[PDB]
Student: 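Handing you this structure, nothing more for now.
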Amino acid sequence: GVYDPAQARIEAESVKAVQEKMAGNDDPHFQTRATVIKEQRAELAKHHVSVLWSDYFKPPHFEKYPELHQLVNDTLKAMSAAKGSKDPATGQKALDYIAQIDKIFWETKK
Amino acid sequence: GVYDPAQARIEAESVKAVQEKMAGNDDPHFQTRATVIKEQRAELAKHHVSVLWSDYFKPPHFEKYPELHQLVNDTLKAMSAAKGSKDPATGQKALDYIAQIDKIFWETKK
Amino acid sequence: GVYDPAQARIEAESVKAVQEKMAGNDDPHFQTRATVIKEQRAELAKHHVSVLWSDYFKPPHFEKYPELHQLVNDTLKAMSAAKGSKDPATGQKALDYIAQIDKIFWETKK
Amino acid sequence: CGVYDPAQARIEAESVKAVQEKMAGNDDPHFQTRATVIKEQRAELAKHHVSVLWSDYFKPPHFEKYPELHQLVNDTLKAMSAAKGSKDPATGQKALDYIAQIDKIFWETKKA
Amino acid sequence: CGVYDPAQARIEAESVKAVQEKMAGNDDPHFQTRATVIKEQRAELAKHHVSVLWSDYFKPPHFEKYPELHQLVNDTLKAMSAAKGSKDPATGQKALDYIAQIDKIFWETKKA
Amino acid sequence: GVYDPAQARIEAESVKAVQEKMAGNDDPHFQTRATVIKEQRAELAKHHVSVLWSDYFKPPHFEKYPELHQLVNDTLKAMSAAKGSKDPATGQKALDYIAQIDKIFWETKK
């Protein structure tokens, strides 16, 4: 059982990249396809963030970082906001939150 | 978007029912099949508990119930313990934790 | 095994709830996202209805309730009609059919 | 869409029977377990395809023309569930026999 | 297991082309969206089946006997990706044409 | 689109880690659970390797690296061999092959 927040980051990066491409194309088919892919990719990023909190992070980590529980919840809600938006900024906000989890993850691995 | 912890409870009930049936049969094939089904069912219960915490529960719920973040994490770890055990008691412990989430869920719906 | 038509009902209620929301929100992005969600929720509802018919209901139940076979086929088709529609009444027709299966299910539990 | 074929159900059921046959040859505990995992997934996929034909392809007049179809499909699904829980190739064959009966009715509905 | 068949790839690719054809008839925004969702899922499943044949069925001497197979399979997958992004039935047909070429090589490996 | 062989590497590392754990824990229940986990992790690794070959790598990359087609087929087969084995060396062979794809991938990003 190997863990890495890179899995959440890669899927969230895809969400932002899809949002950016939606602003440069008018086509109803492309807009629909991009919305389908974004939905799937965002749900996968949420799954990876959830698994880290559920299976990797243990009681001493929640004691050492009392803000971790809320950070992970805020990340999931940021990803949910990105899932329902075409705005690349919401995709970036989700990535900013994942970056904070990534920092904490590696501090617990040292 | 409808939510109900019954989805987590039904899948966790299946996990306990599978654990109980493992004590009454010696057969290597049945033991293997039951282990495969238990793994799948436990992961589904974990997914349903995760979705409630991620998508249903909002900031005022975490403020009103300061123990909710840790209750949900303890539930996931209890389900993970049940996933790796043949003991029906570990399956019951997971159900006891889901019952506490179910009580809080309905209090937020009133 | 542990069975309950509540699994089918919850997914079917989600389909109707998505249909209700589509009626009051004109946004093309939301309309597309709602269509993706409705498609998978209806497919999940169909899975649950199918499982009860194949795995729970045995030959004595089909003998006592001769219309059960056709009721389940009608329910599945009503769910496919709901999957292809934005109208809440189609989601309600599928829920009315699940309510008929739910009634029969509990009579066999007594 | 409109593109359905019992071959999807048959291929997955053939895989179930093929796995049951391979289990009798190799006694290795790891292979026995891997085979059980694959059989479980393949059997549920065979069940999905059979159920899809019954609900999505077959229409109401097909059930009037073939009053046995409802019961035949249920027996196929139960036969597949029996195969899922067994290492015996005979159970996998029973599921294939039932699928062969659905296949016959399918191609008749394609002609008239 | 040992039970493989290009029909699985073909049926899913036929569903992709059938959806592309249905999109030209009904202009309803809800149907256009539902069709796009189904096409995306069906196209990825067609890609999975083609990739499985290439890695799990086809063995090393098959690539010596058919030096074009590696490139043919990649072109099939790319043709399917093109169909996934288009409403045009001609793209779905191109994917089926490539699958027909894989199908021919498959049945030759079953004979000798 | 956003691609990275890290997705294939992480799943492949999980396969090797499960193989390592199977070597030091005799329990039949754990052995079965580990086999289920290893089976899906290897299948996910195969999916990722296949996606890079079909969706990322284009005709100029196959022209510049003539052995890339066979390298990817060998990697997928090594992963299937790892899926059917408890030996960590098979998991490592699949990781060595992914490392060769990773090297080529980054050279095309420059």
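Here is the naming used below: chain letters follow the sequence lines, and residue numbers restart at 1 for every chain.
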Student: Please find the pair of heavy atoms, one from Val19(D) and one from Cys1(E), that lie closest to each other, and give the distance.
Tutor: CG2-CB, 4.1 Å
Student: In Å, rounded to the nearest 0.5 Å, how long is the span from CD of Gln40(F) to CG of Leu44(F)?
Tutor: 7.5 Å
Student: With rounding to the nearest 0.5 angstrom, report the CD1 to NZ distance, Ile104(C) to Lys64(C).
Tutor: 10.5 Å
Student: From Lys58(A) NZ over to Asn73(B) CG, what is the distance, rounded to the nearest 0.5 angstrom?
Tutor: 9.5 Å
Student: So does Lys83(B) get a backbone contact from the side chain of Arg33(F), meaning a donor-acceptor N/O pair under 3.5 Å?
Tutor: yes
Student: Minimum heavy-atom separation for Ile98(B) to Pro5(B), with atom names?
Tutor: CG2-O, 4.1 Å
Student: For the residue pair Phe57(B) and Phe62(B), categorise the inter-ring angle as parallel (less than 30°), tilted (30 to 60°) or perpendicular (more than 60°).
Tutor: tilted
Student: At what distance, to the nearest 0.5 angstrom, does CZ of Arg10(D) lie from CD of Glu12(D)?
Tutor: 12.0 Å
Student: Classify the side-chain pair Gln32(D)/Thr32(B) by whether it contains a donor and acceptor separated by less than 3.5 Å.
Tutor: no
Student: Is a side-chain N or O of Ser85(B) found less than 3.5 angstrom from the main chain of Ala81(B), in a donor-acceptor match?
Tutor: no
Student: For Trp106(B) and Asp4(B): C-alpha separation, side-chain torsions, deciding distance, then whether side chain to side chain contact (heavy atoms under 4.5 Å, CB included) applies.
Tutor: CA-CA 9 Å; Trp106(B) 290 111; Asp4(B) 203 322; 3.9 Å; yes
Student: Taking all non-hydrogen atoms of both residues, which atom of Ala12(B) and which atom of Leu95(B) are closest, and how far apart?
Tutor: CB-CD2, 3.8 Å
Student: So, taking the atom named CD1 in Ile38(D) and the one named CE in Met23(D), what distance separates them when rounded to the nearest 0.5 Å?
Tutor: 10.0 Å
Student: Testing the basics here: between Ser15(E) and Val3(D), what is the closest heavy-atom pair and its distance to 0.1 Å?
Tutor: OG-CB, 3.7 Å
Student: Mind checking whether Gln8(E) and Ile11(D) have side chains closer than 4.5 Å, heavy atoms only?
Tutor: yes
Student: What is the minimum heavy-atom distance between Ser50(C) and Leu76(C), and which atoms define it?
Tutor: N-CD2, 4.4 Å
Student: With a 4.5 Å limit on heavy-atom distance, are the side chains of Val72(A) and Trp53(B) in contact?
Tutor: yes
Student: Within the supplied structure, the quantity of interest is the number of heavy atoms (other residues, nucleotides, ligands) at a distance under 6.0 Å from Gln70(A) CD; does it exceed 12?
Tutor: yes
Student: Between the main-chain N or O of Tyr97(B) and the side-chain N or O of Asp74(B), is there a donor-acceptor pair closer than 3.5 Å?
Tutor: no
Student: Please check if the side chain of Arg41(C) supplies one atom and the backbone of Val36(C) the other of a donor-acceptor pair under 3.5 Å.
Tutor: no
Student: To the closest 0.5 Å, what do you measure between CG (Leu68(C)) and NE2 (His61(C))?
Tutor: 9.0 Å
Student: Is there a donor-acceptor contact under 3.5 Å from the side chain of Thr75(B) to the main chain of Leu71(B)?
Tutor: yes
Student: Between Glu107(C) and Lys103(C), is the closest basic N to carboxylate O distance under 4.0 Å?
Tutor: yes
Student: Could you pull out the closest heavy-atom pair between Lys78(D) and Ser54(C), with the gap in Å?
Tutor: NZ-O, 2.9 Å
Student: Ring centres under 6.0 Å, that's the criterion: do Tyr57(D) and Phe106(D) meet it?
Tutor: yes
Student: Could you tell me if the side chain of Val49(C) sits less than 4.5 Å from the side chain of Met79(C), heavy atoms only?
Tutor: no
Student: So, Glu43(F) side chain and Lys38(F) main chain: donor-acceptor pair closer than 3.5 Å or not?
Tutor: no
Student: Would a distance-only check, ignoring hydrogens and angles, find a side-chain to backbone donor-acceptor pair under 3.5 Å from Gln20(D) to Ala83(D)?
Tutor: yes
Student: So, does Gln92(B) use its side chain to make a donor-acceptor pair with the main chain of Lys16(B) at under 3.5 Å?
Tutor: no
Student: Is it true that a side-chain atom of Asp27(F) and a backbone atom of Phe30(F) form a donor plus acceptor pair closer than 3.5 Å?
Tutor: yes
Student: Indicate yes or no for a side-chain donor-acceptor contact from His49(D) to the backbone of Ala46(D) under 3.5 Å, with no hydrogens or angles considered.
Tutor: no
Student: Between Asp55(A) and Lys46(B), does at least one N-O distance fall below 4.0 Å, as a salt bridge requires?
Tutor: yes
Student: Yes or no on side-chain hydrogen bond (donor to acceptor under 3.5 Å, both in side chains) for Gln100(C) and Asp96(C), after CA distance, side-chain angles and deciding distance?
Tutor: CA-CA 7 Å; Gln100(C) 285 172 48; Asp96(C) 291 321; over 6 Å; no
Student: Evaluate whether atom NZ of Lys86(C) has more than 12 neighbouring non-hydrogen atoms of other residues, nucleotides or ligands under 6.0 angstrom away.
Tutor: yes
